[PDB]
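Below you'll find only one chain, the form deposited in one PDB entry, shown as structure tokens.
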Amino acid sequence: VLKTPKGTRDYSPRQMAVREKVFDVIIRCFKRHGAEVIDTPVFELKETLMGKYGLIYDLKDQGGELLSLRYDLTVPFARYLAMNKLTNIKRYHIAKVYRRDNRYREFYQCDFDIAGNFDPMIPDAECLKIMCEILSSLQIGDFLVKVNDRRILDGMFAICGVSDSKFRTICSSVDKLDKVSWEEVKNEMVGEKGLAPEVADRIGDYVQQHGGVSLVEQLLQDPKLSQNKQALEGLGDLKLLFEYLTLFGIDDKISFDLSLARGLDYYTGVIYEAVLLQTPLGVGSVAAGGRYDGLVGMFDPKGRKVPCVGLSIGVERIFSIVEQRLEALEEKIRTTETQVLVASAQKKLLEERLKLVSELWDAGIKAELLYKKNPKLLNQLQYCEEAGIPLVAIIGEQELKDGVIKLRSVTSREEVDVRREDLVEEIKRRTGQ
């Protein structure tokens, strides 16, 4: 019966160590952009989640409110904003979400969002900048951020002749163009979904193109698209976006891709998705986001609109990559931060070690000793070697009388005598405070 629920896994000490290094990079970035932080309960009223999703963990009806586990951090955010009658906020939220999909049922989401009425595209641009800072800093190899706008999509599908009835499914097909070829995608829309091959080929004339600001300029000249009001504003915003990206120094990491069509329940403005590269060959997505201006309005009692743009870093995939990067380097990932083991080779010294280890703790030094009265020096050394503990402070009967400690570097094997009074400052010096 010993088992974690399907789709969940524990984080082992080593996995926690990597998670800490990855979160530390991400949080340091969020904080650099003046983000506040909040937290919200792991479950919300079922009502709060109902009427938002077209796969949600519900809690047993036990005689109170009907409750559900958060499927994401964005809805809780909207509920939070509305509940506190906030009109603007810049926040990050790092927490687990829950989905009965098919470690994929419980996993971390890492969100940053900017809510408020501001001038066009400036916050949207900062979101892309934040993506890029983070992905670069993690050093998970090269990447590329795909960008599109919801209104460009709507307009493109309007003038190509896609019905409102098939709009939703056709986007699902187009959105596959990242992994698969246009030939497959075309054949699906036509063969499986009953889309006219005339419409399919027209969509193709747009959907197959990608590039930088150059493509935004071309489509602003497109005779058919120009005459669609929505596509035109969307393109105007992207043109603006590219200007700001250039100033942020990251226009070379951005690809305007008209096949990007996801999260169409939420997104009203830009849509983006970061993808890892090979060698530009897409190897998988590691972040996503966009502008969703209708969500908060759905919660505010007076339906007051609060624009929002934001991003989700896909940390689960990043945990794997970083873990494997570390493994391939023979770099032993430490699961503890102990700086020194207090040891002795002789017997009858437990009380002396207890006294020393405690002095070290008092000075704020990270120390341990074996829970054994007369451990063998070899066993203590082996313990340090496996744990990556860099120093061993060896206490002996004579050395105590002399007021010295034998300090041995575990890896270099070099041993030096240190005055007891100098021991605390000497350990700090060897580790870096």
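All residue numbers are counted from 1 along the displayed sequence. For the two forms, the rigid core is made up of the largest set of C-alpha atoms that agree within 1.5 Å on superposition.
Among other compared entries that model residues flanking residue 313, every one gives it coordinates, keeping it clear of the one-third cutoff. Checked against the other entries of this protein, residue 214 counts as resolved in every one of those spanning it, not missing from a third of them. Gap check for residue 279 to residue 280: 4 to 9 deposited residues are absent from the model. Counting the deposited residues that fall between residue 54 and residue 55 and carry no coordinates gives a value of 4 to 9. Here the stretch with the larger average CA B-factor, out of 111-119 and 189-197, is 189-197. Just going by the entry, 286-294 versus 318-326 on mean CA temperature factor gives the higher value to 318-326. Per the PDB record, 224 has a higher Cα B-factor than any other of 334, 305, 90, 224. Listed residues 125, 147, 180, 349 were ranked by CA B-factor as deposited; 180 comes out on top. For residue 155, the recorded CA B-factor ranks within the middle third of the chain. Only modelled residues enter the ranking. When the modelled residues of the chain are ordered by their C-alpha B factor, residue 403 lands in the highest third. In the deposited entry, the Cα temperature factor of residue 45 places it in the middle third of its chain's modelled residues. For residue 143, the recorded CA B-factor ranks within the middle third of the chain. Only modelled residues enter the ranking. Per the deposited record, the Cα B-factor of residue 244 falls in the lowest third when ranked against the other modelled residues of its chain.
Omitted here: the form deposited with a small molecule bound. The next part is about that form.
Within 4.5 Å of the small molecule in the deposited bound form, a heavy atom is found for all three of 264, 290 and 312. Taking the partner from the other structure, the small molecule in the deposited bound form has a heavy atom within 4.5 Å of a heavy atom of residue 99. Contact between residue 255 and the small molecule in the deposited bound form is not found at the 4.5 Å heavy atom cutoff. Among heavy atoms of residue 222, none comes within 4.5 Å of the small molecule in the deposited bound form.
Using a 4.5 angstroms limit between non-hydrogen atoms, residue 133 is distant from the small molecule in the deposited bound form. In short, of 173-181, 209-217, 231-239, 256-264 it is 256-264 that has heavy atoms within 4.5 Å of the small molecule in the deposited bound form. The partner is absent here; in the deposited bound form, the one residue of 323, 72, 188, 126 having a heavy atom within 4.5 Å of the small molecule is 72. Distance criterion of 4.5 Å from any heavy atom to the small molecule in the deposited bound form singles out 111 from the list 251, 300, 106, 111. In the core-aligned comparison between the shown form and the other one, the C-alpha of 370 is the only one from 370, 27, 67, 35 that shifts by 2 Å or more.
With the core superposed, residue 10 shows a C-alpha displacement below 2 Å between the shown form and the other one. Relative to the superposed rigid core, residue 399 undergoes a CA displacement of at least 2 Å between the shown form and the other one. The Cα position of residue 350 differs by 2 Å or more between the shown form and the other one after fitting on the rigid core.
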